[PDB]
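To start, the structure itself, in structure tokens.
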Number of protein chains: 2
Amino acid sequence: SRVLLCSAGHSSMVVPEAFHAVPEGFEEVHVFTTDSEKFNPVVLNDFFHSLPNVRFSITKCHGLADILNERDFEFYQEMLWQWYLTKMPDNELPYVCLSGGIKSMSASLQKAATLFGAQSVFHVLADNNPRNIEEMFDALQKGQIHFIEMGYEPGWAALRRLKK
Amino acid sequence: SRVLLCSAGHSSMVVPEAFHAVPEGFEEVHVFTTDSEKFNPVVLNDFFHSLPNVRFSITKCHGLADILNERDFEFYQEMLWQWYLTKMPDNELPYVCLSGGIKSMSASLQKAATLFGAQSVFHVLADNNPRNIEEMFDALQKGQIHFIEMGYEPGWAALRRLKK
RNA sequence: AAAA
């Protein structure tokens, strides 16, 4: 199974855009984000539940709305890394999109990909930042969505073993 | 010399906020950004023109307006790391603010700090994102500007010698 | 998705 791992922020369209980084799409899409109300899950649940062959989940860093100090970041990172281990497939490395969330959320996800492994680690950028699924598809058909591979990450099998 | 190194984006207020990460201020602030016309330095230059004793410079990634693909990122990263070596002080590590620019710009800056060294690597966060100098001074008074330390970076003395 |  191809599995996509993503952080999310306010812009609802980055995870859907990231879902199109690969022609086949993805079998599983998993999101990690804060408890902030600046993240609205409804658009994500609507779109991904309407796709037939896709397992979708949103995991919140429970009790944390914002990363405002060092303890917040540490708590977020601990929850993200355990989440990464839980959601990644058993016989393959996941795909990882970094574009969602705040910079430090994204950098923590990059570090996780480096330690545990990622088949692909990528940014998605949009010329005109589509606001909804219809504009996303319009942007895709016009070649206005760009995917930037930051690099394959082998990770350490000695760390992937720890998921048990 | 306390020196601040910063990526810059379209929110012109992150660098003047970062200037206040340390009570004694910075003797030098150096900014690196893209060559896109969507970069308006005016409010940035206003702030440091009212601190004429601070050494201040803006360096552009000549020819690169955006990071749209892997070659764009790689060219950005090579100039950024050259500039980091050029700007960092001779006998102590610089301070590094990560909050400006797009995520990939910021990740490349953090990698440079990891490699060449940084006394401090921090994000600057604002409760309500000032848009102008007066709003920022108000937010600083009221403690609405937050600073997150991501970590001291010793770097490698063997790489620092290469500024020769 | 250039302070989410």
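As a basis for the values below, the full set of heavy atoms in this structure was taken, side chains included, without hydrogen atoms, waters or symmetry mates. In the text below, chain A, chain B and the rest are named by the order of the sequence lines, each starting its count at 1.
- Each of A/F26, A/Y95, A/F137 was evaluated against A/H20; a single residue qualifies, A/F137, per the ring pair (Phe, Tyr, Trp, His ring centres under 6.0 Å) test.
- Residues A/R2 and A/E24 are paired through a salt bridge, judged by an N-O separation under 4.0 Å between the basic side chain and the carboxylate.
- Heavy-atom nearest nucleotides on RNA chain C were determined for A/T33 and for A/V124, and the one closer to the 5' end corresponds to A/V124.
- Residue B/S11 places at least one side-chain N or O under 4.0 Å from the OP1 or OP2 atom of C/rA3.
- When rounded to the nearest whole Å, the span between CD of B/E37 and P of C/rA2 equals 20 Å.
- At a threshold of 4.0 angstrom between heavy atoms, the contacts of A/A18 with the nucleic acid are absent.
- B/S106 comes within 4.0 angstrom of nothing in the nucleic acid, heavy atoms only.
- Under 3.5 Å, the side chains of A/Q144 and A/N128 contain a donor-acceptor pair of N or O atoms.
- Across the protein-nucleic acid pair, A/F73 atom CZ and C/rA3 atom P stand 19 Å apart, rounded to whole Å.
- Within 4.0 Å (heavy atoms only), A/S7 reaches no atom of the nucleic acid at all.
- Contacts of A/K103 with the nucleic acid, taken as non-hydrogen atoms under 4.0 Å apart, involve only primed sugar atoms and P, OP1 or OP2.
- If you check the side chains of A/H10 and A/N40, you find no donor sitting under 3.5 Å from an acceptor.
- At a threshold of 4.0 angstrom between heavy atoms, the contacts of A/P16 with the nucleic acid are absent.
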